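Quick setup: one chain, the form deposited without the named molecule, written in structure tokens, and binding and motion questions come after.
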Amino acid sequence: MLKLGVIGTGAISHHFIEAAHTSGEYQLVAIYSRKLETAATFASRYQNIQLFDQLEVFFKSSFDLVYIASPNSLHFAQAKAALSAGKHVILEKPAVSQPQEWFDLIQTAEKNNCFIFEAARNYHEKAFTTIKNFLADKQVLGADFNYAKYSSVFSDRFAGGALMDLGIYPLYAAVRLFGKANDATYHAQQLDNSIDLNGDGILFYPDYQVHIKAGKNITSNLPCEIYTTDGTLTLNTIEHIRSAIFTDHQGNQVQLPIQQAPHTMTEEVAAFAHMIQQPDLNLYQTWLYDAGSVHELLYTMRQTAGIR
């Protein structure tokens, strides 16, 4: 049973704890906040969880790993501190503000014999294994992925922008299925501070391209499509995927065996515990490399859109 420490008192931290408990693989033991009262209010619904308002004391505790869901600007210092204290880390997305920070965390992680994971919940869905297996003997000609849902220091603003907050999902989906792209572009409708409300991008692969749409002031219900020489694979979404149906050029359909998990974090929560308990190091390096690929794309896309 993994003893779990938590940083960040948002609703997302409750949902992670709920999934961690439900997996039967974690035990919550510690919560940190700079204002002790905020931690106490957050932790009240749980039983005898120890509270900390000093990062250095928190990390001297006996827990095995920390889930970090604080604002983006604090991730790198907190995670680096966690890894230097011998704790495994799960960083909520986006894990870092920029690519170089990811590689530095990896260095600290290796140096301290610890794991660092980015909590990209869609990437660990079983559905992607099924889809990738199905595509293995097809010739892919393109794809179109989106995630846009209406909702009512600058770096933390940016991290809340469409590309960083929602666009990261179709980016992770593309990297999971297609690997690292050669190049990318992105253009956005922006606030006057340059933060993106929504936007459209393209990932460029050797023989095809992938359209990406992200939005937080608009809702898209568009399916996500992957084009092949013999037809089109249609996914209802690229996050918490529920169905995958292939239609050929005659109109004949085949349904892939997709079973979504009860909750959106179920699969990632199970993957992280299994990695820590029974290490598969090659697969871990794949996770690291893919996160790096996503961050590289985000950094490029931000620049092409003039988000600064």
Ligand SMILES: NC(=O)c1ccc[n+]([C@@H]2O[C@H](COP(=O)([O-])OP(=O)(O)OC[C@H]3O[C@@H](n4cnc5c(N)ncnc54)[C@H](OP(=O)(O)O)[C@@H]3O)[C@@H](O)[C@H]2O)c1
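Rigid core: the largest C-alpha set superposing within 1.5 Å between the two forms. Residue indices: 1-based, along the sequence shown. Residues that one form lacks are left out of the comparison.
Missing here is the form deposited with the named molecule bound; even so, the following discussion is about that form.
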With the partner removed from view, which of 164 to 172, 224 to 232, 124 to 132, 82 to 90 is the stretch that lies within 4.5 Å of the named molecule in the deposited complex, judged by heavy atom distances?
-> 164 to 172
Looking at the partner-bound form in the deposited complex, is residue 94 within 4.5 Å of the named molecule by any heavy atom?
-> yes
Proximity of residue 243 to the named molecule in the deposited complex, heavy atoms at 4.5 Å = no
Residue contact check: residue 9 to the named molecule in the deposited complex, 4.5 Å heavy atom = yes
Check whether residue 71 has any heavy atom within 4.5 Å of a heavy atom of the named molecule in the deposited complex, and answer yes or no.
-> yes
Considering 253, 38, 50, 27, which brings a non-hydrogen atom within 4.5 Å of the named molecule in the deposited complex?
-> 38
Interface check vs the named molecule in the deposited complex: of 276, 258, 55, 265, the one with a heavy atom inside 4.5 Å is 265
Position with Cα shift of 2 Å or more, rigid core superposed between the shown form and the other one, options 231, 99, 223, 160 = 160
In the deposited complex, shift in Cα separation for residue 158 relative to residue 39, 3 Å or more | closer
Core-referenced diff between the shown form and the other one: runs of three or more consecutive residues, each Cα shifted 2 Å or more, sit at 153 to 160
